[PDB]
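Following: one structure in structure tokens, then a few remarks.
Chains as they are written, first to last, in PDB author numbering: chain F, 233 to 243, 245 to 470; chain G, 1 to 58, 69 to 104, 106 to 130, 133 to 162, 164 to 192, 209 to 284.
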């Protein structure tokens, strides 16, 4: 941090990439015991909160220089209620919460479409068009979420001709949320893609607007710009 | 992660669900072995019709193929029993001709539900009596089904019955190719007869398809327990471990 703090307070904008800020707090508990401290919840250091407060705000942009930081946050045992990442949440302007479920679904990045947030989602920030679609997606993703217990018990047979549609869209939207990461290829073999914001916004529009309700799911899996889906679509037959 | 008392709420919810499910399976298994009772009771009448309809050596293809008759239930949780038939119907209508033509009669709301929004409706049937389909108010449909002839040559859509719950959807057809010369009396009593039999086998399916769909749910619901029993124990453990760790760590503090 002190490194980046240099270029910010001594001179320009800085990108601070901290990989697993968790390991900081984690190592913390390792010492907290030997310090002769009273263990807190879960056996974490009774100072866990403050120790992170004194190392976060430091990672911030000022009137002198700007700091755009992206920190990896490990989730111990997939428990977001764990003091480490929990306490971390109130330290970010934007979050991306990764789920193991979505991961095994094959949805990558496995990013919770209803958990991940940003202070940016405002019409007063991202514009109306981008906003409404934003929630529109989330809306229909949630509506699908609720339906899941029925599907898991009664299949889709007793769902309305209206809820079914929501099951298709939702899925295909939850699939289009998958992406080709350039730092992937060597494994899967697929090249990769950077989808412009205007093209993401648009792509989902059409999907919510139902130009694609004919194309099968699998077509929308692992792609870039919405056009590609149509391409990979025909390739299916 | 998650709760404990929120894991109990799920178990018990699932349990009371399996209960209600398996209830109806048995209930709909009780409505299969009454389908025979009204299936049998119709065995004779059918025999003593084809025996009459032996056909003298002394209405063939008239003009077109037009209207259908589509058999269903009013109630749900039958598996695909509905959608299936309501597929062939919707196919071989739009696999047919594409004007507002090729007209329709439906038995059971669920049918009329889809048929309604799509357009080409002719009649209605609601509240069929369940395992005992009342041969009576289906007699009003033979009338509408025939007198409609405004019509030509109808086909009937429903599910057949082979051995408890296993079944398949069909198009057997009817109004074509199989005093003296009284056809004015056999034409009618030979449709009333078929549209009826169609039901008994339709219903026989219904109850069956439901008997099963209410097993699949029960069985599945039962697995939802396993998946939860597991997550309950785990959350039963971490909890009794945290409580203790708390009680000691608060003593060593003294």
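Ideal Cβ placement from N, Cα and C applies to all residues, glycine included.
*asked:* Using CA atoms only, rank isn't needed, just tell me which of G/86, G/192 and G/36 is closest to residue 25 of chain G.
replied: G/86
*Name the chain F residues whose beta carbon is nearer than 8 Å to that of residue 93 of chain G?*
390
*asked:* Using a Cβ-Cβ cutoff of 8 Å, what residues of the segment 75-90 of chain G are near chain F? List them in chain order.
replied: 86, 87, 88, 89 and 90
*So which of F/363, F/356, F/406 and F/357 has the shortest CA-CA distance to residue 377 of chain F?*
F/406
*Candidates G/266, G/239 and G/70: which alpha carbon is nearest residue 82 of chain G's?*
G/239
*Report yes or no: is there a C-beta of chain G within less than 8 Å of the C-beta of residue 341 of chain F?*
no
_8 Å Cβ cutoff, residue 39 of chain G in contact with chain F_ = no
*Pull up the DSSP beta-bridge partners for residue 183 of chain G, would you.*
G/173
*asked:* Just to confirm the assignment, what range does the alpha helix (DSSP H) spanning residue 159 of chain G have?
replied: 152-160
*How many Å lie between residue 151 of chain G and residue 431 of chain F at the Cα?*
60 Å
*asked:* I'd like the ranges of any beta strand (DSSP E) spanning at least 3 consecutive residues and lying wholly in the segment 291-343 of chain F.
replied: 300-304
*Relative to the C-alpha of residue 328 of chain F, which residue among F/348, F/262, F/433 and F/251 is closest?*
F/348
*Positions along the segment 376-400 of chain F whose CB lies within less than 9 Å of some CB in chain G*: 382, 385, 386, 387, 388, 390, 391 and 394
_How far does the beta strand (DSSP E) with residue 251 of chain F in it extend, from its first residue to its last?_
247-251
*Mind checking if residue 221 of chain G is an interface residue toward chain C, Cβ cutoff 8 Å exclusive?*
In the structure shown, chain C cannot be found, because the protein chains are F and G.
*Would you give the residue range spanned by the alpha helix (DSSP H) that residue 399 of chain F belongs to?*
394-409
_Cβ closer than 7 Å: which chain F residues qualify as neighbours of residue 46 of chain G?_
Going along chain F, no residue has its Cβ under 7 Å from residue 46 of chain G, so there is no contact; the nearest lies around 32 Å.
*Quickly, what does DSSP pair residue 78 of chain G with across the bridge? List them, please.*
G/115 and G/169
*Who are the Cβ neighbours of residue 158 of chain G in its own chain at under 7 Å, not counting the five residues just before and after it?*
79, 116, 168, 221 and 225
*Is residue 281 of chain F closer than 8 Å to residue 316 of chain F when the C-beta atoms are compared?*
yes
*Count the other C-beta atoms from every protein chain shown that fall within 10 angstroms of the C-beta of residue 358 of chain F, then say buried if there are 16 or more, exposed otherwise.*
exposed
*Start-to-end residues for the alpha helix (DSSP H) that takes in residue 372 of chain F*: 361-387
*Should residue 470 of chain F be labelled buried (16 or more other beta-carbon atoms within 10 Å of its own) or exposed?*
exposed
*Can you name the start and end residues of the alpha helix (DSSP H) that residue 262 of chain F belongs to?*
255-267
*asked:* So residue 144 of chain G and residue 22 of chain G are supposed to be a Cβ contact under 8 Å. How far apart are they, rounded?
replied: Between residue 22 of chain G and residue 144 of chain G the Cβ distance is about 19 Å, and since that is not below 8 Å, they are no contact.
*Could you give the C-beta distance for residue 251 of chain F and residue 247 of chain G, rounded to a whole number, given that I count them as a contact under 8 Å?*
The pair is not a contact, with the Cβ atoms about 49 Å apart (cut-off 8 Å).
*Can you tell me the Cβ-Cβ gap for residue 302 of chain F and residue 246 of chain F, rounded? I've got them flagged as a contact below 8 Å.*
Contact doesn't hold; Cβ gap of about 11 Å is too wide.
*asked:* In whole angstroms, give me the CA-to-CA distance for residue 90 of chain G and residue 182 of chain G.
replied: 11 Å
*9 Å Cβ cut-off: residues of chain F touching residue 250 of chain G*: 385, 386, 387 and 388
*How close, in whole Å, do the beta carbons of residue 35 of chain G and residue 237 of chain G come, if the pair is a contact with beta carbons under 8 Å?*
6 Å
*asked:* For a contact defined as C-beta to C-beta under 7 Å, what are the partners of residue 311 of chain F on chain G?
replied: 1
*Kindly identify the DSSP beta-bridge partner or partners of residue 138 of chain G.*
None; residue 138 of chain G has no bridge partner.
*asked:* Following a CB-centred definition, is residue 447 of chain F positioned closer than 7 Å to any heavy atom of the ligand SAH?
replied: The ligand SAH is absent from the structure shown, which contains no ligands of any kind.
*Whole-angstrom C-beta distance between residue 361 of chain F and residue 343 of chain F, which should lie under 8 Å*: Contact flag wrong, Cβ pair sits at about 29 Å.
_Is residue 283 of chain G close to chain F? Criterion is C-beta to C-beta, closer than 8 Å._
yes
*Please confirm if residue 23 of chain G has its CB atom under 8 Å from at least one CB of chain F.*
no
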